[PDB]
């Protein structure tokens, strides 16, 4: 049970970031907003729809119109890059958060990922195991989704994907792994890792 926020907002320094949060309970319930910087705890930045705690800059403002609350950051600064969550209370089900919005304050052009897909090594197949390794680098902003195919069919079992991590060039990296038996491996024409970033996809394929 989550309130609905856009997954991502990207703005250049100085521009306004507008983050919405909607849900059927919000019309008569107070909305809070938290900022969570990478690797840090959430921090309250708006409560009771429009109020700012002490120590929060006036460039953060909240508003609400019916079932939709909006956090507006005016004059966005680099230090405002964070994930932002809205919150409210269902009367019987308790604290409901939004899904979060990753706000990136752009310091370089958007960059699609570079994808390198390794098949299982001959050493691993000799150890009766098979792991396909999809290494994803140099994307910005730092969020991707990964889908895998066996031939042309979606495969979900056996997939494990990392969170993104920031690189020394301020772009991001992530990896996804698909575990197969050697027999699953050898029995398809090919497997593919498809990485989606900002609506566009980069695909690599390997074959036994």
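Numbering follows the first chain given and starts at 1.
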Could you settle it for me: does 188-196 or 13-21 have the higher average Cα B factor in the PDB entry? 188-196
Comparing mean C-alpha B factor in the record for 24-32 and 49-57, the higher one is 49-57
Quick one: classify residue 161 as lowest, middle or highest third of the chain based on its Cα B-factor. middle
Lowest, middle or highest third of the chain for the C-alpha temperature factor of residue 102? middle
Comparing against every modelled residue in the chain, figure out the third that the C-alpha B-factor of residue 179 lands in (lowest, middle or highest). highest
Residue 130 by Cα B-factor - lowest, middle or highest third of the modelled chain: highest
Looking at the entry's B-factor column for C-alpha atoms only, identify whether residue 122 ranks in the lowest, middle or highest third of its chain. highest
